[PDB]
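Below is one structure, written out as structure tokens; the observations come after it.
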Amino acid sequence: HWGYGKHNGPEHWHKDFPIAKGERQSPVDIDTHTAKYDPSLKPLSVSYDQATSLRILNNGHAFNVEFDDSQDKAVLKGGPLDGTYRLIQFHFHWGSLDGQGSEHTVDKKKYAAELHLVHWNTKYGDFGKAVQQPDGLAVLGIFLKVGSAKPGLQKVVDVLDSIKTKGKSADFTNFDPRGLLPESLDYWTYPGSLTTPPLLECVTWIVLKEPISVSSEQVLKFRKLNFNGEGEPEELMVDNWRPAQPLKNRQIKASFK
Ligand SMILES: NS(=O)(=O)c1ccc(SCc2ccc(Cl)cc2)s1
Ligand SMILES: [Zn+2]
């Protein structure tokens with residue numbers, strides 16, 4: 001199976017998922033000087049007051065915090081988007097060391113981690129249908145830097161010891177994802193893909209400019225997770241990021257001057 005190791009990592013993925021070498025792959029480097037301010041972009045609308053978290057799952061690649069997406073409870077709209085996109089899950093990508101971990105980069109800078117809030121376009125009815133469409137998903141990406149703790153992250157951190165290994169899940173209700181946002185919703189946006197297999201070219205990416213800060217201690221607990229299943233040789237869950245891919249024929253737009 002695919003993963004992040006030496007033998008099954010990003011440089012191998014194209015052998016089973018040829019779209020890995022496609023024309024709208026993610027992540028990318030965001031060249032801040034080349035990104036054009038687009039005064040026609042809207043403020044984003046992040047409506048998470050009725051979000052219903054259900055469960056957290058170690059899927060062998062990351063951990064996903066899952067939401068009830070059976071009604072418009074937690075939705076993303078506006079910005080570059082047409083229509084309404086429902087929150088299904090969030091997850092992170094992180095490094096073995098603070099100097100790497102993000103998937104997007106900003107003028108080649110790597111952040112310690114990157115949060116992805118994954119949303120699907122309601123016009124397609126369910127997530128599986130959405131990922132087959134070029135405007136099927138909207139992923140809100142937020143960089144993490146190490147400094148002061150993020151108080152709204154600690155609930156997530158504290159449940160990680162209960163889902164150490166692949167396939168473990170735990171009940172995770174009443175978690176408010178608004179506590180993971182930065183102050184500003186200034187963003188860059190471009191058309192891209194999933195950053196893991198199957199690498200489908202179905203995402204409008206919205207990457208916030210302002211990182212959140214989390215503590216060393218919080219990230220260290222991410223790095224205690226395991227890629228392996230229970231009882232299997234321990235492989236720490238670290239460096240679960242895909243590097244930047246060719247920009248090709250795409251324009252990154254900025255919401256801000
Ligand atoms: N890291 S990311 O681009 O946000 C991300 C990669 C993978 C997803 S959900 C993966 C997947 C894709 C297709 C199906 Cl049908 C079920 C799950 S979001
Ligand atoms: Zn992701």
Side-chain angles (χ1 to χ4, degrees), residues 1-4 8-10 13-14 16-20 22 24-30 46 54-67 69-70 74 76 79-81 85-95 100-105 110-122 124-144 153 156 166-167 169 177 180 187-208 211-212 219 222 225 227 237-245 250:
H1 195 251
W2 71 270
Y4 293 97
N8 63 355
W13 295 351
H14 76 278
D16 289 285
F17 303 95
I19 201 171
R24 62 169 280 186
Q25 292 289 294
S26 295
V28 299
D29 182 59
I30 299 166
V46 181
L54 293 174
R55 196 177 71 138
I56 190 176
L57 171 69
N58 179 331
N59 67 9
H61 314 286
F63 61 85
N64 295 342
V65 173
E66 299 163 353
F67 294 73
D69 64 344
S70 78
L76 186 62
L81 303 172
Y85 289 71
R86 205 170 283 172
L87 177 66
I88 178 169
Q89 53 105 329
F90 72 77
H91 60 277
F92 301 79
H93 308 259
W94 65 87
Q100 61 190 218
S102 66
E103 294 206 305
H104 296 88
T105 58
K110 295 173 169 86
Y111 289 88
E114 185 173 329
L115 165 59
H116 288 160
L117 294 126
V118 178
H119 313 74
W120 60 270
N121 192 328
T122 63
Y124 300 121
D126 67 68
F127 182 82
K129 283 291 196 283
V131 295
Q132 300 183 58
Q133 301 289 347
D135 59 354
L137 290 189
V139 183
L140 179 60
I142 304 180
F143 295 119
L144 280 62
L153 181 63
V156 173
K166 180 174 186 184
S169 65
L180 297 177
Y187 63 91
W188 296 284
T189 183
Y190 73 96
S193 74
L194 307 180
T195 67
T196 63
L199 302 168
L200 298 170
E201 291 177 342
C202 63
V203 181
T204 299
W205 275 98
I206 298 168
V207 177
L208 297 190
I212 61 167
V219 304
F222 289 15
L225 289 162
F227 290 125
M237 184 179 284
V238 295
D239 297 317
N240 62 351
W241 49 278
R242 188 190 192 189
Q245 301 298 312
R250 291 176 292 178

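Note that ligands are numbered from 1 as they come in the structure, with each ligand's atoms numbered from 1 the same way. We number each residue from 1, following the sequence as shown. For the numbers below, each heavy atom of this structure counts, side chains included, while hydrogens, waters and symmetry mates do not.
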For the Zn ion (ligand 2), which protein N/O/S atoms are closer than 2.8 Å? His91 NE2, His93 NE2, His116 ND1
Are any of the side-chain nitrogens in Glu66 or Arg55 under 4.0 Å away from the carboxylate oxygens of its partner? yes
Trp188 ring center within less than 6.0 Å of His104 ring center: no
Does the separation of the ring centres of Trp94 and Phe63 fall below 6.0 angstrom? yes
Selected option - heavy-atom contact closest to atom 9 (S) of ligand 1, from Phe127, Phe90, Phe92: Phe127
Can you name the atoms of ligand 1, numbered from 1 with element, that are less than 4.0 Å from a heavy atom of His116? 1 (N), 2 (S), 4 (O)
Nearest protein heavy-atom contact for atom 15 (Cl) of ligand 1: which residue, which atom, what distance? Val131 CG2, 4.0 Å
Between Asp16 and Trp2, do the side chains contain an N or O donor and an N or O acceptor separated by less than 3.5 Å? no
Would you check whether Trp205 has a nitrogen or oxygen atom less than 3.5 angstrom from a nitrogen or oxygen atom of ligand 1? no
Hey, can you tell me if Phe143 and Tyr111 have their rings parallel, tilted or perpendicular (30° and 60° cut-offs)? parallel
State the CZ-CZ distance between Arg250 and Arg24, to the nearest 0.5 angstrom. 8.0 Å
Taking 4.0 Å as the limit for heavy-atom contacts, which would you say applies to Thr195 with ligand 1: side chain only, backbone only, both, or neither? both
Does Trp120 reach ligand 1, in the sense of a heavy atom lying below 4.0 Å from it? no
Considering non-hydrogen atoms of the protein only, which is the closest contact for atom 7 (C) of ligand 1, and what is the distance? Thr196 OG1, 3.3 Å
Return the option from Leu200, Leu194, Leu199 holding the heavy atom at the smallest distance from atom 10 (C) of ligand 1. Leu194
Show me, pair by pair, the donor-acceptor contacts under 3.5 angstrom made by side chains of residues 129-137, not counting sequence neighbours?
| from | atom 1 | to | atom 2 | distance (Å) |
| --- | --- | --- | --- | --- |
| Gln132 | NE2 | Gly128 | O | 3.2 |
| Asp135 | OD1 | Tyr124 | OH | 2.6 |

I need the minimum non-hydrogen distance between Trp120 and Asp126, along with the two atoms involved. CZ3-N, 3.5 Å
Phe67 vs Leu117, test: side chain to side chain contact (heavy atoms under 4.5 Å, CB included). Steps then yes/no. CA-CA 11 Å; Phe67 294 73; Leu117 294 126; 5.9 Å; no
Do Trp13 and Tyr4 have their ring centres less than 6.0 Å from each other? yes
Enumerated ligand 1 atoms positioned under 4.0 Å from heavy atoms of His93: 1 (N)
Min N/O separation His91 to ligand 1 under 3.5 Å: yes
Rounded to the nearest 0.5 Å, what's the gap from CG on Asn58 to NE2 on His91? Could you check? 13.0 Å
Per-atom contacts, ligand 1 versus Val118 - under 4.0 Å to a heavy atom: 4 (O), 18 (S)
